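Values below: all heavy atoms of this structure, side chains included; hydrogens, waters and symmetry mates excluded. To find a chain, count down the sequence lines: A is the first, B the second, and so on, and within it residues start at 1.
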Protein chains: 2
Amino acid sequence: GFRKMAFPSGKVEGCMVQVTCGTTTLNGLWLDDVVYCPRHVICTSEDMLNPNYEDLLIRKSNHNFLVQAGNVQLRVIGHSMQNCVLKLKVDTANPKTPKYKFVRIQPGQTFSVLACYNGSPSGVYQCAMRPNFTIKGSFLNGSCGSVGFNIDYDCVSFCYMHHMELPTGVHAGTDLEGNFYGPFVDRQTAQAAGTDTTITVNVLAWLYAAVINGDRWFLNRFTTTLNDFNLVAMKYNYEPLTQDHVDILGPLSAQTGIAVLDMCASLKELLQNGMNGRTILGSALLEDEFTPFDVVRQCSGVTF
Amino acid sequence: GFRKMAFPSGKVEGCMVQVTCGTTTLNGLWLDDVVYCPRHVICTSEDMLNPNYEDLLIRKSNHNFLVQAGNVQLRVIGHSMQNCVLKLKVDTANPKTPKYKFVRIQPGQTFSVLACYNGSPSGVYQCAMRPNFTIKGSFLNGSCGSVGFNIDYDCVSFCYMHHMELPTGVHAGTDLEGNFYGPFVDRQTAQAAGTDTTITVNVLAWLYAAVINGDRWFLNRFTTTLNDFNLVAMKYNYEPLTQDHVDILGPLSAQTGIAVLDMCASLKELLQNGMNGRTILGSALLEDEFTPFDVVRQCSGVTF
Ligand code: NA
Ligand code: NA
């Protein structure tokens with residue numbers, strides 16, 4: 001009775017276009033009269049270890065960018081770079097431009113990805129920005145320029161644009177101002193991601209979801225303190241829990257009548273003893289890609 | 001590198017409306033000049049054990065249906081029943097009507113759900129029609145009339161309309177011609193679902209996905225026969241595997257160079273021995289909600 005739900009994607013679908021530069025095709029985001037896409041579209045196979053993007057962009061003309069919005073070829077009238085994004089000024093404002101914002105999310109927050117190829121949507125899924133600023137995506141060749149987003153009320157908040165796959169098979173990209181999340185650079189080089197941790201406040205939200213949906217076996221009569229719990233968090237590579245995290249969990253704590261430090265004691269026992277061959281919300285692992293806000297939304301039926 | 005992906009929802013979003021009859025509000029599907037919704041919208045709390053829908057519908061007038069498409073109140077000019085769906089004829093054809101079909105899916109097939117409340121989309125997720133014709137949804141009060149769908153090329157195939165929650169907390173509903181999936185009736189009565197089984201051909205597709213994404217530990221040098229495997233399927237409540245299932249798995253078998261009866265031997269060992277505290281594609285259970293066609297799509301980047 002508790003699904004990993006993505007936002008409805010329609011408002012984003014009408015923004016996706018195909019961008020080709022030479023042999024390279026990827027996706028762009030068409031808002032008003034600008035198409036946003038990863039600047040690596042201007043690289044050739046010879047120059048991907050350490051591209052001088054300033055020099056490469058000077059070599060390019062508007063005519064070197066083929067932008068297709070379904071059937072419509074969409075004329076580029078100017079090109080500039082903002083950090084690691086290319087902004088292609090086009091002759092037509094997108095008539096399907098939604099109300100939007102560009103936001104830079106925090107590690108641990110969730111968003112929906114509209115995975116695209118050749119400017120065409122292929123599917124939508126929810127995921128988390130990992131504490132080490134990577135995402136565990138489903139992205140193939142041609143998926144670059146696919147975006148992540150949230151919706152609040154009538155407004156699309158774009159938070160992520162896809163650029164690359166790291167050696168470990170996880171994904172890296174930028175905000176819509178072209179700033180990478182994490183230490184990553186758009187050089188096709190071996191790049192270390194940090195140690196990743198589990199998003200504790202999300203695991204606790206997901207245990208609250210399980211209680212709301214009648215799944216209760218893991219509840220114990222014990223309580224803990226932030227200090228004592230964090231000693232166990234450190235041992236199992238869980239993020240430390242703060243009073244802000246307890247406060248954010250307040251609606252779920254009130255709804256269920258289970259204090260956050262009581263649920264922390266339950267999580268402690270799960271980390272120490274495992275699940276003894278049992279399941280929670282039809283999973284045999286502790287799930288960390290639901291924010292408290294995602295659980296409240298899905299348990300209260302919030303719409304857009 | 002392998003996510004449960006929903007279809008892009010935009011073409012469906014423009015079809016969702018709010019339907020109110022008395023105190024009851026749920027969702028409707030506005031295609032051309034017809035709004036489709038669950039006929040139980042016409043029930044009162046006194047008549048939900050065994051409604052005489054023919055008598056109840058005769059008592060209703062067009063004026064007893066309030067249909068809202070965002071702001072627009074949308075005038076009902078006729079009402080009829082097709083099996084367990086109400087068809088409300090409206091004075092305006094939906095200008096956002098997509099290319100569509102109504103299809104009745106098979107048990108074991110997947111589809112996306114656009115979960116709606118008050119005619120407004122809340123989120124989209126992928127799920128399977130269980131072998132016992134239930135769905136393991138995420139549906140709250142007010143979610144009735146939310147639909148399930150597939151997209152092939154440019155065409156929305158509607159396959160499911162949500163009606164009710166069964167005692168076990170799983171969900172039941174109809175095709176868009178109003179015929180229930182499974183033995184269920186629109187009476188708010190205790191109703192048995194069959195024994196459910198695991199969708200073997202989907203588990204094997206998902207093991208092929210794991211191999212494609214480098215997750216390989218469970219592969220063994222052994223092979224089996226359909227007969228010998230099915231003896232183990234029966235023991236663990238897995239659907240029996242047919243030569244049609246082997247043939248459908250052919251692209252995944254060819255891609256990976258692993259014969260279906262070789263993967264069957266791997267699945268046999270997983271059922272008999274469990275996962276020994278290991279994970280496949282970041283799961284500690286065998287996942288059965290990916291069809292062979294879903295894995296091929298997600299591994300080849302098919303778009304719409
Ligand atoms: Na041009
Ligand atoms: Na009317």
Side-chain angles (χ1 to χ4, degrees), chain A residues 4-20 24-30 35-38 41 67-71 96 111-127 135-149 156 158 160-165 169 171 173, chain B residues 1-13 98-99 109-114 123-127 148-157 205-206 208-209 212-213 251-252 255 281 289-304:
Chain A
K4 194 166 283 166
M5 230 162 300
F7 289 97
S9 62
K11 287 165 180 243
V12 177
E13 289 172 53
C15 307
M16 299 312 301
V17 304
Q18 189 184 244
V19 182
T20 307
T24 307
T25 302
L26 40 66
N27 307 283
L29 186 70
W30 181 25
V35 176
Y36 303 79
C37 73
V41 72
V67 185
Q68 254 149 308
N71 277 328
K96 294 164 186 242
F111 55 96
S112 290
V113 173
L114 182 66
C116 293
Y117 300 89
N118 302 118
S120 285
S122 78
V124 63
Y125 60 88
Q126 186 79 355
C127 67
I135 74 171
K136 300 195 182 172
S138 184
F139 292 118
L140 312 162
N141 286 342
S143 62
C144 289
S146 297
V147 297
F149 62 96
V156 180
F158 293 104
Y160 179 81
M161 172 159 279
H162 186 51
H163 289 239
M164 67 199 190
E165 181 174 317
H171 297 109
Chain B
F2 202 76
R3 287 279 181 178
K4 194 166 283 166
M5 230 162 300
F7 289 97
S9 62
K11 287 165 180 243
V12 177
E13 289 172 53
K99 180 90 172 317
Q109 300 293 120
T110 60
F111 55 96
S112 290
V113 173
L114 182 66
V124 63
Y125 60 88
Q126 186 79 355
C127 67
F149 62 96
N150 285 267
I151 311 178
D152 184 12
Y153 184 34
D154 59 337
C155 185
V156 180
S157 294
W206 173 81
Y208 279 110
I212 287 167
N213 285 274
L252 297 176
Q255 279 168 55
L281 283 179
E289 291 200 317
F290 289 96
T291 71
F293 303 108
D294 295 338
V295 177
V296 159
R297 285 190 301 103
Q298 181 170 165
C299 292
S300 70
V302 177
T303 57
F304 305 102

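Residues A:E13 and B:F304 have side chains not in contact (no heavy-atom distance under 4.5 Å, counting atoms from C-beta outward). Contact check for A:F139 versus A:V113: side-chain heavy atoms found under the 4.5 Å cut-off. No side-chain heavy atom of A:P8 sits less than 4.5 Å from a side-chain heavy atom of B:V124. With contacts defined as side-chain heavy-atom distances shorter than 4.5 Å, the pair B:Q126/B:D294 qualifies. Side-chain contact between A:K136 and B:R3 is present, with at least one heavy-atom pair separated by less than 4.5 Å. B:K4 has its side chain within reach of B:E289: a pair of non-hydrogen atoms, C-beta onward, lies under 4.5 Å apart. Two residues are said to be in side-chain contact when any heavy atoms from C-beta on lie closer than 4.5 Å; B:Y125 and B:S112 fail this criterion.
Interatomic distance, SG of B:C155 versus NZ of B:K11, reported as 8.0 Å (0.5 Å rounding). The distance from the CG atom of B:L281 to the CD1 atom of B:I212 is 9.5 Å, given to the nearest 0.5 Å. From A:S146, atom OG reaches atom NE2 of A:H162 across 7.5 Å, with rounding to the nearest 0.5 Å. The CG atom of A:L26 sits 9.0 Å away from the CE atom of A:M161 when rounded to the nearest 0.5 Å. Between atom OH of residue A:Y160 and atom CG of residue A:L114 there is a gap of 13.5 Å, rounded to the nearest 0.5 Å.
The aromatic rings of B:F149 and B:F7 sit tilted relative to each other, their planes meeting at an angle between 30° and 60°. Aromatic ring pairs are classed by plane angle as parallel below 30°, tilted from 30° to 60° and perpendicular above 60°; the pair B:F290 and B:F2 is tilted.
In terms of heavy-atom proximity, A:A115 sits nearest to B:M5 at CB-SD, 4.4 Å. Summarising the geometry of B:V295 relative to B:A209, their closest heavy-atom pair is CG1-CB, 3.7 Å, with the distance given to 0.1 Å. The shortest heavy-atom contact between B:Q298 and A:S138 is OE1-OG, 2.5 Å. Nearest heavy-atom pair, B:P251 versus B:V296, reported as atom, atom and distance to 0.1 Å: CB-CG2, 4.1 Å.
With hydrogens and angles disregarded, no donor-acceptor distance shorter than 3.5 Å links the side chain of A:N27 to the backbone of A:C37. Side chain of B:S9 to main chain of B:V12: no donor-acceptor pair is present (N/O by atom type, distance under 3.5 Å, no hydrogens or angles). A donor-acceptor pair is defined here as one N or O able to donate and one able to accept, closer than 3.5 Å; no such pair exists between the side chain of A:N118 and the backbone of A:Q18.
Residues A:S122 and B:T303 have side chains that never bring a donor and an acceptor to within less than 3.5 angstrom of each other.
Counting heavy atoms of neighbouring residues, nucleotides and ligands inside a 6.0 Å radius, atom CG of A:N141 does not exceed 12 of them.
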Exercise for the section: Determine, stepwise, if the pair B:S157 / B:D152 fulfils side chain to side chain contact (heavy atoms under 4.5 Å, CB included). Expected result: CA-CA 8 Å; B:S157 294; B:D152 184 12; 5.8 Å; no
